[PDB]
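A.B. asks: Pasting a structure here, questions to come.
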Amino acid sequence: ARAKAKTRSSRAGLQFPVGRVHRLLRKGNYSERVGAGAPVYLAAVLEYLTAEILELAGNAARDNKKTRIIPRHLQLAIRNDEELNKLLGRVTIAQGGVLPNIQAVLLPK
Amino acid sequence: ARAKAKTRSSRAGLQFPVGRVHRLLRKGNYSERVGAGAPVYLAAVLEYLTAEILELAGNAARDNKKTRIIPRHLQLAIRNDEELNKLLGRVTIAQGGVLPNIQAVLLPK
Amino acid sequence: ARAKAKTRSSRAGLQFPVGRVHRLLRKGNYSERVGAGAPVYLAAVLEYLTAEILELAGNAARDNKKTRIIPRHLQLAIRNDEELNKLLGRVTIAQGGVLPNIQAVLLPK
Amino acid sequence: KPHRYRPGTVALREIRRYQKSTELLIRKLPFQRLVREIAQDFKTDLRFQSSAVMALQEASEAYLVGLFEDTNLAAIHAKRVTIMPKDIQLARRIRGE
Amino acid sequence: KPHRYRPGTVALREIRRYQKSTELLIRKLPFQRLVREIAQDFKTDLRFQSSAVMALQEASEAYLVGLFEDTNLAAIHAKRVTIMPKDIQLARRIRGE
Amino acid sequence: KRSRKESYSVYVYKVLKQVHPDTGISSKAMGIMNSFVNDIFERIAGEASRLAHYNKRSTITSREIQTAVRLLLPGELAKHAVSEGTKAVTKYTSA
Amino acid sequence: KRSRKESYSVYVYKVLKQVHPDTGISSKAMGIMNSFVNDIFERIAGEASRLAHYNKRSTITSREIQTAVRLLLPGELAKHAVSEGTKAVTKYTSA
Amino acid sequence: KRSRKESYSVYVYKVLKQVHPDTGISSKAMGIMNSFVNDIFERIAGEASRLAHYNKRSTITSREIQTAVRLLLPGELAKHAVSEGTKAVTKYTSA
Amino acid sequence: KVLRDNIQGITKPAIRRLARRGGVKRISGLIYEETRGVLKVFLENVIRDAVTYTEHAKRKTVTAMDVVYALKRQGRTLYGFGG
Amino acid sequence: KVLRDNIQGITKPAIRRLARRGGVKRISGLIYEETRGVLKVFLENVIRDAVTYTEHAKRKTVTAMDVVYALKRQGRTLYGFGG
DNA sequence: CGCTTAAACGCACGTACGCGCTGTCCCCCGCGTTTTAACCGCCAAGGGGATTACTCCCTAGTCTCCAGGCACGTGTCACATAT
DNA sequence: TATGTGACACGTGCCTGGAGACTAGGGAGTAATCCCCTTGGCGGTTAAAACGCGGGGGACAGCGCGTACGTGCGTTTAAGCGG
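Chains as they are written, first to last, in the entry's author numbering: chain G, 10 to 118; chain C, 10 to 118; chain Q, 10 to 118; chain A, 37 to 133; chain E, 37 to 133; chain D, 30 to 124; chain H, 30 to 124; chain R, 30 to 124; chain B, 20 to 102; chain F, 20 to 102.
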């Protein structure tokens, strides 16, 4: 009588929710209509970015031998990528700290 | 049996088009509903701002004995006001020139 | 009666033909049964590796200012990726040529 | 004689420590008291989420520390290792504060 | 004797003149040449409104001039009057670029 | 002729004659002022939209317009903009 | 009786498990990631809104989103996002 | 009258325009890709068969081919191939 | 209740800690009060913004969501408080 | 058809004029090429986005209104060309 | 409010560092001359921006129904802490 | 390397938000056009750029110096934690 429920995220093959992003865009008042592929594309883009920053955080954690992601590792991952640094040059992170960085003249001899 | 079509700018004693601004807000997609006094308040604020900047421009044009306002006069007005410059530091005017500014160390003995 | 035939390549959403690969593994005598997801995995990894070597070839062709890839581009691409090169050290390419490589003592002075 | 490090050695060690470390460089209670002091001037009897005070905190020393490498770049530009408040003034004004 | 002004005097007079002036200091058609040259590096054989060319010229000259005031502030902050490109790099690093 | 293109020239001229009947205007300065008023308009509209979603408000009203102009305008500009807007809101309230 | 609140927790935790099955998470790092994902969401959405205004379109399509990616995201992240997202467009197009 | 012969040309063409719309291809380079996909195909296929013999498993599943591609392909290419295949088999599992 | 000079509640060694996290080697004695004034200006900007949000919000107490709105108003976005 | 060198079209006296407008009293000989590079970076950053607008506008002619959009995207809003 | 130390203050002595001065060398603007191409300005051409029409693709919206993700509870081991 | 622990992480109820079916219509895709805007090119001219000489002003190294933070140790108290 009715088709079985199948998510549009799986229709994209994506993990971020297509219906939730579509609802946020509709209620976020950006245009009175929206293309169907637009929130799918959007959720795909954010899933790609979330994925890649998640491997970068994983490598930062593994280099510092901690199994769990810490905002220090997020800071160290985000500042050591010049691409991501230019993405977020004005973005601050709570309890993030800075890069360990010294000037050469500040070092002795 | 319609009454005389009177204008809301005159109702608020204003110059800026209340109806055009309300139309822009309804079609600029900031909310689906707009309170009636909001475009009036906005147009009045804009009228005050335009009035003061044009007054400063007329003062600057009078200082340079010029009877028609100039973008150079606009630059000299907008940059010599502290509140306006902190309001519009990152905004540039075409053909404005620069403020007359020479450092004292650049100045000779 | 019957739904529209939608391909398993579409079900994965990948370009390599799932049915052809499954048919080849059935007629290539590797096991008496094969799991359904295994040729999907095969097509995925093949399309990943073809995608990366095609990135390398397109980059080399744009370095050589050519629109269409040539076996010289293929040689230069496959020899300068260490995982690909040591993947294919004993694999020879038709008309690939060689890497530009000169020993230091061959140079004068 | 008792042990005594030469100038800059303890500074280097604490620079490396606080670069590695992430915990707060401000005593929390006088910071919160100062936030209440400033906020009372603009609106009376203002109450605070502690998380709001904390977010104000990391915003504050993030701004300060960024201004501090700006100051350090100004100082190494001026061939110096001792900073002066004119360096901070230069950094603010070139940023446009 | 053919008169020769002492150095920097004509430079300061130029500073006064070009602070007084409002016009563009870049040759228009070489600027358009460079704009089209960089345009084909993104997309070849486009067309241009001349208004876009003057808009880019205004924005470019304004950005350059503000960069030079920042450079001048850095140089006098380093107790110098002669600027070097290290000062420009410093100012760009302060601006977050 | 062609289609009508929106401009703010007449209102700029009227406000100009309110503040300076004696002086003239260049049309390029008119365009600069059009850019000015459009820029400030879209700024205020943007933060009004933000504040409407912050309080989850389906209607944008004048109180957060007041909030936004107090937010952007520094000091003296903000209080006298509030004064002018409140005066005009009261006059339209009295029709 | 308490109201439900929206989070990205299950999605980020899953995609963490594909990118790194053995790697854990701290909760305030998830708060930071929530702030990042939301922040980029309204960055792209605001770009899409203004680009829809500039071409006078009342419908935002995947072309607009892709243009916003090319604008805000620089360099390689833009083109990899374009590749995977256009791939995703075909994936939903098949459905 | 001729006989139909298999090639991997058209799928390489879809992949090529997916990854580089601006880039053409010569037909003998296409043949080199054909040799590539064939050679790796029976490499992996024989690996899967002999692994299936080692554990006396008469059915080759995705675990087996994942093991095999981890054996032959080194590291970076291996792990990203693992990622591609893993998300592919999960979306097929949903398919 | 009534508070007087808590700008000096931010101690000089705290300022030295802040400089060392920024990797500053040598700090003048003139630094601390000037930086106190600078941070005072910065804090009064952001708390003016956050307050203005709060009386618009019809809340008497400041919330952190107003705070993060204030920081993104100033181009100083901070992550990790439910924003 | 193609162009090879127009960055040198921003000549040294033009840089001198801009520096005197910028209030620079003395200009090194090393300045001009570095300013050419920095100017090149700024112009390519704005014109990439202006292009992206222009094909997103489905045009092959570059318009100034897209230049305004791109400049105000990067926090460099210019008055005198809007509309 | 009631303990409970950590660090903030504070003094004290020492070094190193801004800075003051000068020697010295070299760099770059002042000036004049040469070249040169920018620019007016004029005109031809054509190209696509923009406009109007026309028909249609999708999508926003409505009603139904259901499963997903978050609240809720819990357990448990990676990490904080100590040495 | 030894030890607790609570924070992370995972099973569970649910309702609610998101998907399925269907439609109106309307914004959007597309065809045509034209004309105006944009490109292409040709002659005069001079300012604009470029180049050379020069000569002073400035950058900067050297050296010292006195002081003002750095470092070290003793104290207070005031920050910090529990309730």
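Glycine residues also receive a C-beta, built at the ideal position from the N, C-alpha and C atoms.
Which residues in chain G have a C-beta closer than 7 Å to the C-beta of H/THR88? List them in chain order.
C.D. replies: Here the neighbours are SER40, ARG42, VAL43, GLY44.
A.B. asks: Which partner residues of B/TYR98 appear in the DSSP bridge assignment?
C.D. replies: Beta-bridge pairing links B/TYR98 to G/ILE102.
A.B. asks: Can you list the residues of chain H that Q/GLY22 reaches, using a CB-CB cut of under 8 Å?
C.D. replies: The contacting residues are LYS116, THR119, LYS120, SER123.
A.B. asks: If I'm right that A/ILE119 touches B/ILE46 with Cβ under 8 Å, what's the distance once you round it to whole angstroms?
C.D. replies: Indeed they touch by this definition, with Cβ atoms about 6 Å apart.
A.B. asks: Taking DSSP as the reference, what is the three-state secondary structure of A/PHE84?
C.D. replies: It is a strand residue.
A.B. asks: Does DSSP put F/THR80 in a helix, in a strand, or in coil?
C.D. replies: Correct three-state label for F/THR80: strand.
A.B. asks: Distance cutoff 8 Å, beta carbons only. Does A/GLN55 sit that close to anything in chain G?
C.D. replies: Yes, contact with chain G.
A.B. asks: Please list, in chain order, the chain D residues whose beta carbon lies closer than 7 Å to that of C/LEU83.
C.D. replies: Chain D residues near C/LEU83: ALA58, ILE61.
A.B. asks: Considering B/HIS75, what are the terminal residues of the alpha helix (DSSP H) in which it resides?
C.D. replies: B/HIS75 -> alpha helix (DSSP H) spans 50-75.
A.B. asks: Suppose the cutoff is 8 Å on Cβ atoms and the five residues either side in sequence are ignored; what does the same chain contact list for residue 119 of chain Q look like?
C.D. replies: Outside the displayed span of chain Q (10 to 118) sits residue 119 of chain Q, for which this structure offers no information.
A.B. asks: Counting contacts by CB-CB distance shorter than 8 Å, is C/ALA14 in contact with chain E?
C.D. replies: Closer than 8 Å: no.
A.B. asks: Less than 8 Å between the C-beta atoms of A/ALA75 and A/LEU82, yes or no?
C.D. replies: Yes, these two residues count as a Cβ contact at 8 Å.
A.B. asks: State yes or no: is the beta carbon of G/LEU115 nearer than 8 Å to at least one beta carbon in chain A?
C.D. replies: It does: the Cβ of G/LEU115 has a partner Cβ on chain A nearer than 8 Å.
A.B. asks: My output table needs one value for D/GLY53: the three-state DSSP class, helix, strand or coil.
C.D. replies: Strand.
A.B. asks: DSSP three-state label for R/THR90, please.
C.D. replies: Reduced to three states, the DSSP call for R/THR90 is coil.
A.B. asks: If we ignore side chains and look at the alpha-carbon of each, how far apart do R/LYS46 and H/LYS116 end up?
C.D. replies: Cα to Cα, the separation comes out at about 12 Å.
A.B. asks: So, is the C-beta of C/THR101 closer than 8 Å to a C-beta in chain F?
C.D. replies: So, interface residue.
A.B. asks: Which residues in the same chain as Q/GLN104 place their Cβ atom closer than 6 Å to its Cβ, once the five residues preceding and following it in sequence are excluded?
C.D. replies: Cβ within range, chain order: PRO80.
A.B. asks: Quick one: list the residues of chain C neighbouring E/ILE51, beta-carbon separation under 8 Å, in chain order.
C.D. replies: Ordered by position in chain C, the residues that pass the 8 Å Cβ test against E/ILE51 are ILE111, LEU115.
A.B. asks: What do you reckon, are the CB atoms on D/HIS49 and C/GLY67 nearer than 8 Å?
C.D. replies: Yes.
A.B. asks: Confirm, please, whether the CB-CB distance from Q/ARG77 to R/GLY53 is below 8 Å.
C.D. replies: Their beta carbons are under 8 Å apart, which means R/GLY53 touches Q/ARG77 by this criterion.
A.B. asks: Using a Cβ cut-off of 9 Å, pull out every chain A residue sitting near G/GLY105, in sequence order please.
C.D. replies: The answer, in chain order, is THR58, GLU94, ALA98.
A.B. asks: Could you spell out where the alpha helix (DSSP H) holding Q/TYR39 opens and where it closes?
C.D. replies: Neither: Q/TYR39 is in no alpha helix (DSSP H) and is coded neither H nor E.
A.B. asks: Of the residues G/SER18, G/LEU108, G/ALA113, G/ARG29, which one's Cα is nearest the Cα of G/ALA69?
C.D. replies: Of the listed residues, the one whose Cα sits closest to G/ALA69 is G/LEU108.
A.B. asks: Taking Cβ positions only, does Q/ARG35 come closer than 8 Å to chain R?
C.D. replies: Not an interface residue.
A.B. asks: Whole-angstrom Cβ separation of E/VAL101 and F/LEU37, contact assumed at under 8 Å?
C.D. replies: Rounded, the Cβ-Cβ distance is 6 Å, consistent with contact.
A.B. asks: E/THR118 bridges to which residues according to DSSP?
C.D. replies: Its beta-bridge partners are F/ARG45.
A.B. asks: From G/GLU61 to G/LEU83, what distance separates their C-alpha atoms?
C.D. replies: Cα to Cα, the separation comes out at about 12 Å.
A.B. asks: When the distance is taken between beta carbons, is B/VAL86 closer than 8 Å to A/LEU61?
C.D. replies: No, these two residues do not count as a Cβ contact at 8 Å.
A.B. asks: Where does G/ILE111 fall in DSSP's three states?
C.D. replies: It is coil, neither helix nor strand.
A.B. asks: Excluding the 5 residues preceding and the 5 following R/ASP51 in the sequence, name in chain order all residues of the same chain whose CB lies nearer than 6 Å to its CB.
C.D. replies: Excluding residues within five positions, none has a Cβ falling inside 6 Å.
A.B. asks: At what residues does the alpha helix (DSSP H) containing G/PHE25 begin and finish?
C.D. replies: Element bounds for G/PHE25: n/a, residue is neither H nor E.
A.B. asks: Would you mind listing the alpha helix (DSSP H) stretches within the region 66-110 of chain R that are 4+ residues and don't spill past its ends, in chain order?
C.D. replies: The qualifying runs are 91-101.
A.B. asks: Going by DSSP, which residues form a beta bridge with Q/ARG71?
C.D. replies: Beta-bridge pairing links Q/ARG71 to no other residue.
A.B. asks: Who are the neighbours of B/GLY94 on chain H, taking C-beta pairs under 8 Å?
C.D. replies: Under the 8 Å cutoff, chain H gives no residues; its nearest Cβ is about 13 Å from B/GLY94.
A.B. asks: What whole-angstrom Cβ distance do B/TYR51 and H/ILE61 have, given they're in contact under 8 Å?
C.D. replies: Not really, about 31 Å apart at Cβ, beyond 8 Å.
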